[PDB]
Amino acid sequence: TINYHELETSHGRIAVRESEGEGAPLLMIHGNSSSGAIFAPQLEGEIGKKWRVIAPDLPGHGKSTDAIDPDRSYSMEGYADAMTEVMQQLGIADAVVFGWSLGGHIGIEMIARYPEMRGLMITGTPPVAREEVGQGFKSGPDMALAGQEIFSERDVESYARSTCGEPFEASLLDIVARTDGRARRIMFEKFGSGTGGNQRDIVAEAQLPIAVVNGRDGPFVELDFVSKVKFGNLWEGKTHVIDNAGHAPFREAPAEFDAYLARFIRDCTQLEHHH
């Protein structure tokens, strides 16, 4: 069973899903206009059966309330602050973190705020300085939606299909439609303005293991660019690509994605640590 509960935080009321796994904790952070519900394959599958998988909803997303203060909360660094507060409330200082897309950018911002993080895996996330956005992301019509406040019904469907990929389910529309659109506009503006830490430098200098796993056919991430990003400690020494998967390989190719995730968790939590 999945343990659903809600936390009162300084950002608002944050919905949290937890698997019943007794093993080391894994925080999974969803993407723009998604929710932790998207991680059903991990929560309910072999990953969540072994490890304590924690999948919250960002403020303005899913079953969480809108942010008490959108100006504070709706930014990569503001979300990192919220997730850090969530983990402190849960009493967990040393989670492995998996971040999907926006969630990966949030994970990068969490490195400074959550120093006992045992590793970070990013999927759908090119670490980029603000001036590198065109290099890290592919141009297209669904990309413009990332920072667009108001979604038409058609926008909801287009965004859901491109970002979540195969298979499409009606329930995805409900998640995307709920999202506080102010969060899209503000986060995107602040990202381009460099209001938080330079993500290129952060990942270059970070000493914890960082794993990079992407679908080969995602419409958003420039994989070549990602394969050239400098990481302080790149897990298994390369960026990884899953064939026949798009932006969301954790749902499009769960077995192959879970192989990477499980191995990364094992590596970050069950090997003898030496500096």
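One rule holds for the numbers: they count along the sequence shown, beginning at 1.
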request  = Could you check which stretch, 232-240 or 26-34, carries the larger mean CA temperature factor in the entry?
outcome  = 232-240
task = Could you settle it for me: does 143-151 or 181-189 have the higher average Cα B factor in the PDB entry?
result = 143-151
ask   = Reading the B-factor column of the entry, which of 203, 112, 83, 172 has the highest value at its C-alpha atom?
value = 172
request  = Name the residue from 161, 118, 72, 105 with the greatest C-alpha temperature factor listed in the entry.
outcome  = 161
query = If you rank the chain by CA B-factor, which third does residue 91 end up in: lowest, middle or highest?
reply = highest
ask   = residue 252: which third of its chain by C-alpha temperature factor?
value = middle
key: Chain-relative CA temperature factor third for residue 45   = highest
inquiry  = For the chain shown, is the CA B-factor of residue 100 in the lowest, middle or highest third of its modelled residues?
reply    = lowest
request  = Compare the C-alpha B factor of residue 13 with those of the other modelled residues in its chain, then answer lowest, middle or highest third.
outcome  = highest
